[PDB]
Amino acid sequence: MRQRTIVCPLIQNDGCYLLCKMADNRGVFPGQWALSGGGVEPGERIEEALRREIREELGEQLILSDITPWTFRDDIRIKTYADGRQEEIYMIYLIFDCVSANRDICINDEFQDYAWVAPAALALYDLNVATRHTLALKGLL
């Protein structure tokens, strides 16, 4: 029963949403599509954590017009060990609406590809579970 808080940006430009394709040895299923995001370090505000993770994962050339808190949600993930023993990980997600003023992306090693996706197409991507739950809540699927 361990605990993680994740800050997640939902980045939009010109009506399209940014999705990133996870690198081939990341995730339980490799090469799923996802929102970027990460944890909040001791000593940092949640918006400071968000902006740092954007720069790290998507590069310094991406210019944000604004960032607004949207909503939160939670999930339990199970980690199953080699002998079938399990541990639960309790995740809280803090989701921000982000509008970017441009589309210049430089992905880091966590990702292998990215796309700017029309809302109608989002559901059809092989989204990871977290990303599907988030976009579903937003009414985009």
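Note that residue numbering follows the sequence shown and begins at 1.
Of the two segments, 71-79 and 41-49, the one listed with the higher mean B-factor is 41-49 (C-alpha atoms only).
Averaged over Cα atoms, the B-factor as recorded in the entry is higher for 27-35 than for the other of 27-35 and 93-101. When the modelled residues of the chain are ordered by their C-alpha B factor, residue 8 lands in the middle third.
Among the modelled residues of its chain, residue 137 has a C-alpha B-factor that falls in the middle third, as given in the PDB entry.
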